[PDB]
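Here's a solo chain for you in structure tokens, the form deposited in one PDB entry.
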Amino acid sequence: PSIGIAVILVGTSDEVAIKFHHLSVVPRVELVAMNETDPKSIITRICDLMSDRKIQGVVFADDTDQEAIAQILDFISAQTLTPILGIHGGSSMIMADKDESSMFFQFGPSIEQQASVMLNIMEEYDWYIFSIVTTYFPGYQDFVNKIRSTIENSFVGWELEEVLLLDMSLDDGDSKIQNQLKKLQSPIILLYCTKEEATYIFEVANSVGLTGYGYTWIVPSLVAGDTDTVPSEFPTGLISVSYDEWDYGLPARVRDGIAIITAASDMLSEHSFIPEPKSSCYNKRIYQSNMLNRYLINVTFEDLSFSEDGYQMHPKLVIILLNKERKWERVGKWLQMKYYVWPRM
């Protein structure tokens, strides 16, 4: 049997480098290019590709740093009960609290694992004293609680000084944020927010003298984002946790995302059927189920499984340092660090 799979590619993409089945179904892949990334564009393109070929799944890659894409895909996925894999760019920026009916999964570590790593980098170089700074970006609570529950377990004698919550949904005329930042004493600051948010926070921090020697910021994957795009406001010496395009390229990912969806075999081989792709986005719900998820989650190819939360169980993480020459440099692997004495940055 044949199942249709749309691979959507936003912006620059080597479509030639991108292009088997012993399984019970065969992927009829179609490589689709999309120009814009606003809600209408993404919704309009996916719905129409569905009111054409019968799409059993979507594999989605963009170049942009727009973490909103993930949110737009979760919504589209939950509304049409179509599996969607966010494998690269904004679509892979971890989405916290995906919809219950969501069939959206992303390549990348959970917020909780990224926090687990950061404390590991910390233990490595004996950085036991710190602060946290989040905005309200979803997952901020996931982040803080994982840090807080880890410390309490520990005899390592951590000391969390301040935890700040920055409301980035208002303007900064009162210079409220400047004042919240002025409260920070600690030498290590863990920051959780979006890339575009971080660029603002850093500027305000460079103004209050918190970005030089003696203040080290550690930042999750979605802040670093695309490493070939470095905002001038990022403090030299920025430590991030990225999802490496260095050992796991787009074509590898895109192949693996088709191996995930081509799930369908498992469910066919056990229930002698697969869900009929939403002929349209103009609906008739007592008919569609969530059944495919159970299978999209346990795919073993050459262990590609997920959590029901929608993130990879076993992602390879590279620790990166933004250096003086202002390129992102690989200084660790997830924990094995290049350095034994942390260099002055």
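Take the two forms, superpose them, and find the largest set of C-alpha atoms that agree within 1.5 Å; that set is the rigid core. Residue numbers run from 1 along the displayed sequence.
Omitted here: the form deposited in another entry. The next part is about that form.
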message = So, superposing on the core, is the move of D38 at the CA at least 2 angstroms between the shown form and the other one?
response = yes
message = How about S13 - superposed on the rigid core, does its CA move between the shown form and the other one by 2 Å or more?
response = yes
remark   = Shown form as baseline, in the other form, CA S13-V26 shift of 3 Å or more puts them farther
task = Kindly indicate if, in the other form, the C-alpha atoms of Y243 and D14 are closer or farther apart than in the structure shown, bearing in mind the change is 3 Å or more.
result = closer
